[PDB]
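Chain and residue survey
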Amino acid sequence: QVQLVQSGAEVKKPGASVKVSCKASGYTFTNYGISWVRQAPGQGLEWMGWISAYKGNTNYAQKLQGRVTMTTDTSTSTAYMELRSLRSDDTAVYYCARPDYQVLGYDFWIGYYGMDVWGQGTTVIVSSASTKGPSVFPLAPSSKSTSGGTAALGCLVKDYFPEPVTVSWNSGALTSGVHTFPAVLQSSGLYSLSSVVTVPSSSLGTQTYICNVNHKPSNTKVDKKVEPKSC
Amino acid sequence: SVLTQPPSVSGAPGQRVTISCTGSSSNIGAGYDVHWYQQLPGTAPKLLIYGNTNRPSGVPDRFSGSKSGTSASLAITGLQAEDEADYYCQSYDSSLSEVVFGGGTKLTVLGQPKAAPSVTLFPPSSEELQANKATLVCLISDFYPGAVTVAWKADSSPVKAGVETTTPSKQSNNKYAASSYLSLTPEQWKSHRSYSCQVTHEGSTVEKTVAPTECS
């Protein structure tokens, strides 16, 4: 049962440091190295460096030199990765992985082989923000945006931190035609999302539509009745 | 990324698809091995091919790899639905000495015909303008495959700041939905004649427009 288990998610402000651990089991830890790869939201994979467990040698990506440090504790079969002077573009899921190469004496051939065992990943969010409740604004339909028997209405859940936010409509009495979009992390370090309903035109004047936004991290619940625009 | 992969490939179930991976004289052109990884949405990558052509024990024989002097290729024969994932090639680069990846390729196993996105653009609400903020909301639904490009325009000019777009996410009907936001100043919103979000899907562009002088 070979596997690598990483530490829990982290939220840091710019300038701080983060240290992620990677516990190994099921194999002789000292016969292999540990590689680190990160992945920004919606982006590809990005190599950070590797460390050999036996000799402690390292090789870091040039873009992180002087900013990253990798260590190993052979007595606990754990590798560590420390990234300093954190900036907002360090927001990513960080993975540890084992290159499938048994070091025979020369450790620097470790990075030449495929990584066959991967950790589960560690989310690291870098943001200057603290806990902040969302602002909810209506996305109301008008007589011009409503040509046929179906109209679109929703709520904009703006500038909250951190995740998650749950949105329901009419306390769960309305689920058909509802879509809640994934949140986007903005350059401000805050999240925003939207949720919409496609609804029959005949019910607009007499049926109430209410977005129920719950943000447990800030102890906030907001109910916003979305009515059509006057135009 | 240092290695170049196609942004997306697609195929019907049972068909055979290939994902190419080109580099330069300092990586693949230098004779370095190429490895391939599969990443399901939300999970860690999984090694598919190592040493150009070798399959690890447990990986289905549907996957295979090859390498020339300039490029590498991952071949997937007999497409299954479970193969819908992102695929990365990985190699080594010798410079004045790092691991390098390709940009990733999104493989779509086509389970339905192509669908152009439905686009609903929302002007800033009156309530938001009272908060000295202004956000245009471009909502994109019912497109397949799940890949769109979103551009914004102010009057006839391109918008290059204040744009945030979400990665597409599946609806119930196996189609995909996405959203884009243009954060603006109330003065910026009211001083221009119109704003537009342009969504490109499979080379075709859908453009919706709103204007402060025409309530909608």
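About the criteria used
Residues numbered from 1 in each chain as written, not as in the entry; some residues may be left out. Chains lettered and ligands numbered in written order. Heavy atoms only, no water. Residues with missing side-chain atoms left out of burial classes, pairs and counts. Helix = DSSP H or I, 4+ residues; strand = E, 2+ residues; numbered from the N terminus. Rg over C-alpha atoms; globule rule 2.2 N^0.38 Å. 1 Å grid on protein atoms, 1.4 Å probe; cavity = no way out; pocket = protein on both sides within 12 Å on 5 of 7 lines; lining within 4 Å. Points joined across faces, edges and corners; volume = space filled by probe spheres on them. Nonpolar A, V, L, I, M, F, W, Y, C, P; charged D, E, K, R; others polar. Pairing = 2+ DSSP bridges. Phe/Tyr/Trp six-rings, centres within 6.5 Å; stacked < 30°, edge-to-face > 60°. Buried < 20%, exposed > 50% of the residue type's maximum accessible area, 1.4 Å probe, protein only. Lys NZ or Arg CZ within 6 Å of the ring centre and 35° of its normal. Axes fitted to C-alpha atoms, helices over the stretch in contact; angles between N-to-C directions. Polar contact = N/O pair within 3.5 Å; in protein donor to acceptor, adjacent residues only side chain to side chain. Contact = heavy atoms within 4.5 Å. Buried area = accessible area lost by both parts, 1.4 Å probe. Salt bridge = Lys/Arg side-chain N within 4 Å of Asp/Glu carboxyl O.

As deposited, the entry is annotated with X-ray crystallography as its determination method and 2.0430 Å as its resolution.

A word on the overall build of chain B. The helix and strand tally for chain B stands at two helices and 18 strands. Radius of gyration (C-alpha) of chain B: 22 Å, far over the 17 Å computed for a compact globule of 216 residues.

Here the second largest pocket is characterised by a volume of approximately 790 Å³. Lining the second largest pocket are 32 residues, with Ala152(A), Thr198(A), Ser118(B), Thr120(B) and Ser141(B) positioned closest to its centre. At the level of elements, β13 (150–160), β15 (178–180) and β17 (191–200) of chain A together with β10 (118–122), β11 (134–143) and β18 (204–210) of chain B are the ones that each hand at least two residues to the lining of the second largest pocket. Looking at the lining of the second largest pocket element by element, the count peaks at five residues for β10(B). Here the lining of the second largest pocket is built from residues that sort into 16 nonpolar, 13 polar and three charged.

All names here are of chain B. Where strand β5 (residues 63–67) meets strand β6 (residues 71–76), five bridges bridge the pair, whose relative direction is antiparallel. Looking across to β6, one finds that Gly 65 is bridged to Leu 74. Connecting β5 to the antiparallel partner β6 that follows it, the hairpin turn spans three residues.

Counted under the stated rule, the structure contains 15 aromatic pairs over all chains. Taking the centre distance of 5.8 Å and the plane angle of 65° together, the rings of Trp50(A) and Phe108(A) count as edge-to-face. Taken together, the positions of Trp50(A) in strand β5 (residues 45–52) and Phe108(A) in the loop between β9 (92–99) and β10 (115–118) put the pair 58 residues apart, joining distant regions of the chain. On the basis of relative accessibility, which here comes to 40%, the residue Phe108(A) falls in the partly exposed class. Ring geometry for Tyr95(A) against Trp118(A): centres 5.9 Å apart, planes inclined by 75°, an arrangement best described as edge-to-face. Here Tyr95(A) is found in strand β9, whereas its partner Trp118(A) is found in strand β10, with 23 residues between them in sequence. Given a relative accessible area of 4%, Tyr95(A) falls into the buried group. Judged by its relative accessible area of 12%, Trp118(A) falls in the buried class. Members of the aromatic cluster, each reached through a chain of ring pairs, are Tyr101(A), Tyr112(A), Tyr113(A), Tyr32(B) and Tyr92(B). For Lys19(A), the ring lying beneath its charged end belongs to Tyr80(A), and the centroid distance is 5.1 Å. The ring of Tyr27(A) is capped by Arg98(A), whose NZ or CZ atom sits 4.5 Å from the centre of that ring.

A few words now on the sheet that holds strand β1 (residues 3–6) of chain A. Residue and element names in this part refer to chain A. Strand order in the open sheet made by the four strands is β1-β3-β8-β7, with antiparallel pairing throughout. With partners counted over all chains shown, the strands left at the sheet margins are β1 and β7 (68–73), one partner each. With direction set aside, neighbouring strand axes in the sheet form an average angle of 20°. Pairing geometry for β7 and strand β8 (residues 78–83), over six bridges, is antiparallel. Across the sheet, the residue bridging to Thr 71 is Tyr 80, located in β8.

The subject of this paragraph is the side chain of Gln171(B). Residue placement: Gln171(B) occurs in the loop between β15 (169–170) and β16 (176–184). A polar contact is formed between the side chain of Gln171(B) and the side chain of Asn173(B), at a distance of 2.8 Å. Ignoring sequence-local partners within four residues, the contact set of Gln171(B) consists of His179(A), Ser141(B), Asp142(B), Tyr176(B) and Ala177(B).

Our focus in this paragraph is the side chain of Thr108(B). Residues and elements named next belong to chain B. Inspection of the secondary structure puts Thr 108 in strand β9 (residues 105–109). A relative accessible area of 8% means that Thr 108 is categorised as buried. Discounting residues that sit within four places of it in the chain, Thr 108 has contacts with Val 9, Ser 10, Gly 11, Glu 84, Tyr 144 and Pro 145.

Right, let's get into the pairing of β8(A). When a strand is regular, its side chains alternate between the sheet's two faces. All names here are of chain A. Bridging between strand β3 (residues 18–25) and β8 involves six bridges; their strand directions are antiparallel. Paired with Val 18 across the bridge in β8 is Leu 83. Here β7 hands over to β8 after four residues, with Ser 77 in that stretch at a positive phi of 55°.

Looking now at the interface of chain B and chain A. By convention, interface size is frequently given as the accessible area that disappears when the constituent parts associate. With 45 residues of chain B at the interface, the matching set in chain A holds 46 residues. Summed over both sides, the interface between chain B and chain A buries roughly 3,500 Å², with carbon and sulfur atoms accounting for 63% of that surface. Seen at the junction of chain B and chain A, the total is one salt bridge. Between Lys224(A) and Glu127(B) there is a salt bridge, with its nearest N and O atoms 2.9 Å apart. At the junction of chain B and chain A, the tally comes to 14 residue pairs in polar contact. By residue class, the composition of the side of chain B that touches chain A is 19 nonpolar, 18 polar and eight charged.

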